[PDB]
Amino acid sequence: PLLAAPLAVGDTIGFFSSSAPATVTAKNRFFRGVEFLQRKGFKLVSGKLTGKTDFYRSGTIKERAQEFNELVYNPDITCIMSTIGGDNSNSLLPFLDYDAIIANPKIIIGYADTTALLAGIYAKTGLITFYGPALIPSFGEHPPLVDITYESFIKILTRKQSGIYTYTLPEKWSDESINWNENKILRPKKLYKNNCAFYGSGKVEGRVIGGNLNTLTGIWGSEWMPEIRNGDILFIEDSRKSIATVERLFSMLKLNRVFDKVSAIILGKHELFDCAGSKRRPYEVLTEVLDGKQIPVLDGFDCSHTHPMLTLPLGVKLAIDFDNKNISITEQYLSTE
């Protein structure tokens, strides 16, 4: 795979708004996230659509593609970070400068709707991109959870690329929709014990592919959807969906023969899942859809819309040890220097 140079303290991070204009609509949280990273020593470059609005988005399709490309062209930038997702980053894909991305590999990071870009860039260039923090939702989060998000971000992106990396398990997590865009919290979020579950036995190792599942529907079938192959580990997460929608998306995967190929599935914790009174969780729905197909599942990985969020390279090998209840990166995912 094509690898970006690693991050280091003091580096320059550029940020872009490929969909929702949250630098305007969540400006307090945006400023808190900016200050958070600056205090860590990072220099920030603001994408050209910062502070702009076109109703539901930051600008036209072409304006948004230009904003992103301009960060790729900047030789001082080590990391290109999404401000926030939305719905519309898939529109940009025909207009990204893939040749420039290949010539100037950088760490590209975000989540949610930005999956369309992470997956599309990988499909076109082979660059290992990252499912991880976006500036506003992730780094504008109030303590204590933001510190745990940051610890994973800095560990994954700055560590020496020698030997496997085994993920830590956050002690507590939350998905509450409070404390969004004001100076002070209303009240502390509920902190849940980590209820991640490992369904299966033994160890499965394979290339991880995926992201936000609902977002993948916007690139599915196209040259921008990475081909899923025998032995891959599928990583999928969704946010604020009804159980009805979750069944639909799992059945989409089934119809596409994905469950005939993959050797394991990672479900990210689902933010504020709506079970419609059934008390069912997503894993139970997946089990029905699987129709007897035995695939081991890591249910509740902390790489999703819940807080805190771990950073995950996409398109490299992971090993899930179902017996020891852990998950590791086993393939180099950044340049050694």
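Residues carry their position along the shown sequence, with the first being 1.
J.: I need to verify one thing: averaged over C-alpha atoms only, is the B-factor higher for 147-155 or for 162-170?
T.: Per the deposited B-factors, the answer is 162-170.
J.: Averaging C-alpha B-factors over each stretch, which comes out higher, 276-284 or 58-66?
T.: 276-284 has the higher mean C-alpha B-factor.
J.: Which one, 302, 299, 291, 271, has the peak C-alpha temperature factor per the PDB entry?
T.: That would be 291, according to the entry.
J.: According to the Cα B-factor stored in this entry, which of the following is highest: 214, 88, 201, 181?
T.: Answer, based on the entry's C-alpha B-factors: 201.
J.: Lowest, middle or highest third of the chain for the C-alpha temperature factor of residue 53?
T.: Highest third, going by the recorded CA B-factors of the chain.
J.: Lowest, middle or highest third: where is residue 248 by C-alpha B factor in its chain?
T.: Its C-alpha B-factor, which the entry lists for residue 248, ranks in the lowest third among residues of this chain.
J.: Lowest, middle or highest third of the chain for the C-alpha temperature factor of residue 14?
T.: Middle third by C-alpha B-factor.
J.: Could you tell me which third, lowest, middle or highest, the C-alpha B-factor of residue 23 occupies within its chain?
T.: Its C-alpha B-factor belongs to the lowest third of this chain's values.
J.: Using only modelled residues of the chain, where does the Cα B factor of residue 175 rank: lowest third, middle third or highest third?
T.: Its C-alpha B-factor belongs to the middle third of this chain's values.
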